[PDB]
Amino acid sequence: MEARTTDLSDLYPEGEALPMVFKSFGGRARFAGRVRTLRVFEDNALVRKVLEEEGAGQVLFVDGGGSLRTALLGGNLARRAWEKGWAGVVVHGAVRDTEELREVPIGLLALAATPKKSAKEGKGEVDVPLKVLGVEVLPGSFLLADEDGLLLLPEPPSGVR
């Protein structure tokens, strides 16, 4: 999982990639892990719930509908995720506490930073197929991320034998 997205894409042409239109807010720019999808819209109740779970080196892919109106994740939630073992969080939307996010040694990608907090109701769906920028994000897939963007693979890269 330490190969580059560019090199692995070359080996796995069928693997779906996403351009780096996200800003790297976290301490780690390169990260990877089994994906877990979440779809919401200006409400992060489910985001907090899911990250409180055990990370186990997985990557949370949040699809906030690309909205920049509210932040789906902040410093507090970022630190929790890190203490829970998550490799990283990818947000198709906004986040906040830019200064605090940079301190957390995990992957944190988002379209932009935005002031307001999201609502805390709980609308949204977990572990469901996603569609971000014309690409399918499927539960159980392995996400790879670096400076050149993201790569979703059906199985972690190998090389052992």
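A residue's number is simply how far along the shown sequence it sits, counting from 1.
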property: Comparing 47-55 with 25-33, the one whose average Cα B-factor in the PDB entry is higher; result: 47-55
property: Mean C-alpha temperature factor, higher of 122-130 and 107-115; result: 122-130
property: CA B-factor ranking of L138, expressed as a third of its chain; result: middle
property: Assigned third (lowest, middle, highest) for the C-alpha B factor of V95; result: lowest
property: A87 - Cα temperature factor, lowest/middle/highest third of chain; result: lowest
property: Third assignment of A71 from its chain's C-alpha B-factors; result: lowest
property: B-factor third for the C-alpha atom of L144 within its chain; result: highest
